[PDB]
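>>> just coords:
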Ligand SMILES: CO[C@@H]1O[C@H](CS[C@@H]2O[C@H](CO)[C@@H](O)[C@H](O)[C@H]2O)[C@@H](O)[C@H](O)[C@H]1O
Ligand SMILES: *[C@@H]1O[C@H](CO)[C@@H](O)[C@H](O)[C@H]1NC(C)=O
Ligand SMILES: *[C@@H]1O[C@H](CO)[C@@H](O)[C@H](O)[C@H]1NC(C)=O
Ligand SMILES: *[C@@H]1O[C@H](CO)[C@@H](O)[C@H](O)[C@H]1NC(C)=O
């Protein structure tokens, strides 16, 4: 369709399927296996990208150009890499991926939304969609086109260190929250075929339903372990949200480290090809987890040649290598050269990677929009995050007897108030895992508002606010306080580091609450990624709030404490009496909760 140097795949007016087929038919084996290769930015250089025909890059947790980098620095790094890819013979742009799982959370000054467990408390899919929209703007502000989200794990045991990344133990709440997908990607057309990938264009990102499948169902919530359950139960609990994701055009699926009934997901042809591709009709690309194929064997990495054979024959399309791309390319090349992996398997993987790249507009807009840089940390997104934090909060108790004056809401005007606890003035603690660093971090790691700063911003100017992190009983009894707000809880963690059999918060925590609440009426704010042992915190507290991991906008806590808004959140998980009861989920024969799924006390706006 015109000029003498005309190449169909480069024509933006031709249909995706014709541009894919036109490009695939021109590629060498090296170009094909290049597309199937994702590498860390930490090992990428122009020459590596160009000479290996690399298809994708990622930032893993904490993989950043430097500490405190601006949105423009991120854009320049991504463009740098993309310039190299676009200089290859075929000019195939790379897709850059990142864990934007509660905002663009590796980026300094990015808005940090509550983690998924808290969003589950909101029962507000439309709020989660809005979070998806804001996240896509903030990811595109940094030049990135691909978010590894959403986690549609169904956590069935809160000893799992990723329990906070699950919206709920109820598959129905996880299904409702797949509205994240059309937030990140855009709404699919009215006509849409379930399983086709979709991204609206340069102001949206590709999404990733992960981790397929049963990441939330491991024995003793041990991260990466064995999910022991029959076909009926995998299909009734862990699968359904994958179908919702297909209907909303999720562009990719990341495979789980976990096994189903002793079979590595990363080697499971029946589930990856039989079910996801041939039954659910997935037409996007399937990506590995991080060294996922390496972990097929025991030990991990002890037969990479197997790892490649088993993972690629199971139907995986793109491999998050992510460092040793030379070994990955050499070994897949040999298996194809020896007839062990047929060319048709390579062509199907490359067809799906190119389908996603063409669909999402990457060949038309391979470079970053410098005008999107101001989207990062935009006050409108913060206001959204604040709304979400507030709606996430679950009021567990509001008066020590039925007869007491309810403590909440608190008055903004009082002569003197106490704000206390390890978590009252710690932005890192309130964001948790996957914030600036992989495992999250302590203190003032990014832009935000702690509980202490929110209280000072909220109260009447005549109200004297005293901060003491760990005050003793005498300090409180002598200080002349009207009331105390005390904030304690879990430290930041992710995945295996947060696997935890006893689920009790670190000291000082209980001690500071007992010391404070012993001397003056107290509202306790519990910062956690999951239910933890709570009876002793309750027994001491006049009121207690489960705030989960509310993110950067701490004023969402104070919006409810002080009666600007009523408490509306409902537990999206069972709150246990004792860890010995676990696993224990809404529905089981032997169901004895401290607080059932769906519990939450209410208040009214003053
Ligand atoms: C992420 O940085 C490196 O991360 C892994 C955590 S694992 C895996 O990472 C994927 C890509 O970041 C995520 O999308 C996925 O949900 C996770 O399961 C860790 O092993 C490395 O030590 C860390 O450097
Ligand atoms: C589960 O964890 C144990 C150790 O805690 C490990 O040795 C075993 O191989 C794991 N099982 C699976 C199938 O991943
Ligand atoms: C409980 O488990 C965690 C993680 O394994 C551990 O760090 C913590 O010290 C333990 N707590 C108690 C009370 O033993
Ligand atoms: C809160 O408002 C509800 C809804 O009308 C009402 O039933 C309840 O009595 C109110 N409680 C307080 C403490 O104002």
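That came in fine, so what should we check first? Residues are numbered from 1 along each chain as shown. Ligands and ions are numbered 1, 2, ... in the order given.

>>> who in the stretch 51-200 of the chain is up against ligand 1?
Within the stretch 51-200 of the chain, the positions adjacent to ligand 1 are 58, 60-61, 99, 148 by Cβ under 6 Å from any ligand atom. Just so you know, the C-beta spots here come from the backbone N, C-alpha and C atoms, and that holds for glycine as well.

>>> As JSON lines, the residues you listed with distance to residue 2 and neighbour count would be great.
Listed next are these as JSON lines, based on distance: Cβ to Cβ, whole Å; neighbours: other Cβ atoms under 10 Å:
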{"residue": "58", "distance to residue 2": "38", "neighbour count": "24"}
{"residue": "60", "distance to residue 2": "44", "neighbour count": "18"}
{"residue": "61", "distance to residue 2": "47", "neighbour count": "20"}
{"residue": "99", "distance to residue 2": "43", "neighbour count": "24"}
{"residue": "148", "distance to residue 2": "40", "neighbour count": "24"}
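
>>> what subset of those is also close to ligand 3?
Restricting these to those near ligand 3 - Cβ under 6 Å from any ligand atom - leaves none.

>>> Check which residues of stretch 274-293 are buried.
275-277, 280, 282-293 (16 or more other Cβ atoms under 10 Å).

>>> who's in contact with the residue of the stretch 251-400 of the chain found nearest ligand 1?
In the stretch 251-400 of the chain, the residue that lies nearest ligand 1 is residue 290 (3.9 Å; Cβ to the nearest ligand atom). Contacts of residue 290 were listed using Cβ atoms under 8 Å, 6 or more residues apart in numbering, and they are 60, 320, 322.

>>> Tell me which stretches of the stretch 451-600 of the chain form helices.
Secondary structure of the stretch 451-600 of the chain by DSSP state H, counting those that start in this stretch: the helices cover 451-458, 473-478, 510-519, 535-540, 555-561.

>>> Quick one: closest of those to ligand 1.
The minimum distance between ligand 1 and these falls on helix 555-561, with 25.6 Å, by Cβ to the nearest ligand atom.

>>> what's the closest one packed up against?
helix 379-392, helix 451-458, strand 522-527, strand 543-548 (3 or more Cβ pairs under 8 Å, 6 or more residues apart in numbering; DSSP states H and E).

>>> so how far is residue 183 from residue 245?
Here the criterion is Cβ to Cβ, to the nearest Å. By it, residue 245 lies 13 Å from residue 183.

>>> quick one on the thing from earlier: closest to ligand 3 out of the helices and strands packed on helix 555-561?
In this view, those are compared for proximity to ligand 3 by Cβ to the nearest ligand atom, and strand 522-527 is the closest at 16.5 Å.

>>> how far is the helix or strand hosting residue 127 from where the chain is centred?
Assessed by DSSP states H and E, residue 127 sits inside helix 125-140. Relative to its chain's centre, helix 125-140 lies at 12 Å (Cα atoms, centre = their mean, to the nearest Å).

>>> Spell out which parts of this protein neighbour ligand 3.
500-502, 504.

>>> can you redo the residues you listed as TSV with neighbour count and distance to ligand 2?
Compiled in TSV, the residues of the chain next to ligand 3 are given as follows (neighbours: other Cβ atoms under 10 Å; distance: Cβ to the nearest ligand atom, whole Å):
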residue	neighbour count	distance to ligand 2
500	19	14
501	10	11
502	8	16
504	14	21
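
>>> ok, which pair from those is furthest apart?
Taking every pair in the residues of the chain next to ligand 3 and measuring Cβ to Cβ, the maximum separation is 10.1 Å, between 501 and 504.

>>> And the residue of this structure that's closest to ligand 3?
residue 502 (3.6 Å).

>>> ok, back up a step: name the stretch among the helices of the stretch 451-600 of the chain that sits most buried.
helix 555-561 (a mean of 26; mean count of other Cβ atoms under 10 Å).

>>> Let me know the secondary structure of residue 346.
Reduced to three states with DSSP: H, G, I helix; E, B strand; the rest coil, the structure at residue 346 is helix.

>>> mind checking how far the most centrally placed residue in the chain is from residue 344?
Geometric centre of the chain, nearest residue: residue 101, 2.8 Å, by Cα atoms, centre = their mean. Going from residue 101 to residue 344 by Cβ to Cβ gives 35 Å.
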